[PDB]
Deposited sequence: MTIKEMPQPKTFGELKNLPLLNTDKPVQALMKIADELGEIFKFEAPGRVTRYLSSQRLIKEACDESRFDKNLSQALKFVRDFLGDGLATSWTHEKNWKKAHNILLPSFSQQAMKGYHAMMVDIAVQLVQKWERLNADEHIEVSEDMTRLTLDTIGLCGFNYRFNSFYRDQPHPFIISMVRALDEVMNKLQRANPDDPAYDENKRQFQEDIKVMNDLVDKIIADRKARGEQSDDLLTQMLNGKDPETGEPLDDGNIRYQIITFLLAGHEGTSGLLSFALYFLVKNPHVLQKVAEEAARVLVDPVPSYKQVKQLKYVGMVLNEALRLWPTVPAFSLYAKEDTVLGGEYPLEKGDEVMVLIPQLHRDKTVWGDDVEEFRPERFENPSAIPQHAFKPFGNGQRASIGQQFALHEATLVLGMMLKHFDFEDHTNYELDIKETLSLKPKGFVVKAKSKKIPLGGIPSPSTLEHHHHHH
């Protein structure tokens, strides 16, 4: 039956916008969803979207005959620096399908055998850093996972070394990228984002975009100077031809892809690794089970590709981390035609819906009563269509899913092979939002098991 859609408190002409005047908007949206249920409208000046939280509705949103990817307001702002790169292009834009076809083979399960050695290079640097800490020191978890994930995509993708583990001050590229993302988040909170009152933030934003483009220049210059032949992402982009069209990407689009991969390659995965260790230190029995599997499987000084694929319980741990805290916590869709959602909510062509992934992942009708518990065994055996969506949906799902999960499986495996962890501060979870999610202030101490590399 057609029903009126729930909607939270409005503030005159500002509509719902003041509800998200917070540094933790996705967490605030989860609270609204707790209060209003599976669907609610959220208006701000000049835009409307509808936040979905149940598998019953999200399964319909994920029907590609009915909905296509939408550029949320956040993506539209991110597009100021990512352009028509893969993540910020419309499905119908020429460069989407073109770049997709050119790059997809670079991200398959098979391409992972190729990247494995270089993933190991950076994982070893992480393990060595932690082996070299003195007794009175600790680990800043999200910070070190970011060093690893950035360096891994730099190296695997572009044969470029960020050398993040040689730095205690974060890489200039990351300083600017984080500030650009912070600006996007602040811009989402403005009534009139084009107001010339914000021309200063715009100045800084453009300076940070220049910094990102300066790094792209260095990556391209290094490629030309090192004068080696590689089959990495950049090589595929410079020479690869779209089999559908028979054209290569233009330099402008390649530049956008480089920045896209550096961002995306690192943000999601670093949060996943940090959430996973967090859950392990809070769920000691699960830790023991991971440690047992690492010790049992990782019998060589460094992991092989085949050994990583045998870390089945580590993979379950990672999926359960993604269930509770999917690190790219939403994605947006638009109605391809006039339709009715859920037998209940009429939509007009172009109307936007937002999939609130953390809420979908707490839907008791799919998962059972215990959704707040960290229980990797969930994945042991058979879950429903579109209940678990940490990598988005359909042909606009993450191109990085296998890359991210191979890396994180490798790294978490090595971490638990080589160390025991202590939650020395009895850390209370604090989730930082930079569009993506990651723990803030999560610290531990590691006690080496003294197993050489």
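* Where the deposited sequence has no C-alpha coordinates (positions from 1, in order) -> Missing C-alpha atoms (numbering from 1) occur across the ranges 1, 383-384, 457-472.
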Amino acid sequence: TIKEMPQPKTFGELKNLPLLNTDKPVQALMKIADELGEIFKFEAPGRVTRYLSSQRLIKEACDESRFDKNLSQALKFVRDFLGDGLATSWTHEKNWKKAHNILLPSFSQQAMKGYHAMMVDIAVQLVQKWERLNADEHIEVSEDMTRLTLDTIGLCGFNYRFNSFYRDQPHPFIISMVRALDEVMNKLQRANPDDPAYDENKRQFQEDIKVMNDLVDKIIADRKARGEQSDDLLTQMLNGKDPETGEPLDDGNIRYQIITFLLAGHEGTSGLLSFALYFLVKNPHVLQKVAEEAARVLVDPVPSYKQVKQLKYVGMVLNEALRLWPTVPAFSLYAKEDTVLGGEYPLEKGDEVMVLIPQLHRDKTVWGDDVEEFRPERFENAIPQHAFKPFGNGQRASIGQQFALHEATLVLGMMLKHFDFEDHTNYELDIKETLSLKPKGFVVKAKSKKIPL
From here on, numbers count along this sequence of modelled residues.
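* Would you mind comparing 382-390 and 24-32 for me and telling me which has the higher average C-alpha temperature factor in the entry? => Result: 382-390.
* Mean C-alpha B-factor comparison - 259-267 and 194-202, higher one -> On average, C-alpha B-factors are higher across 194-202.
* **Among 85, 376, 154, 329 - the residue whose C-alpha B-factor is largest in the record** => Answer for 85, 376, 154, 329: 376, with the highest C-alpha B-factor.
* **Given 323, 129, 309, 161, the residue at which the Cα B factor reaches its maximum** => Out of 323, 129, 309, 161, the record gives the largest C-alpha B-factor to 309.
* By the record's CA B-factor, is residue 125 among the lowest, middle or highest third of residues in the chain? -> Lowest third.
* To do: Quick one: classify residue 344 as lowest, middle or highest third of the chain based on its Cα B-factor.
  => Residue 344: CA B-factor falls in the middle third of its chain.
* **Assigned third (lowest, middle, highest) for the C-alpha B factor of residue 50** => As the PDB entry reports it, the C-alpha B-factor of residue 50 lands in the lowest third of its chain.
* Asked: Which third of the chain does residue 359 land in by C-alpha B-factor: lowest, middle or highest?
  -> For residue 359, the deposited C-alpha B-factor lands in the middle third.
* **Ranked against its chain, the third holding the CA B-factor of residue 116** => Answer is middle: the recorded C-alpha B-factor places it there.
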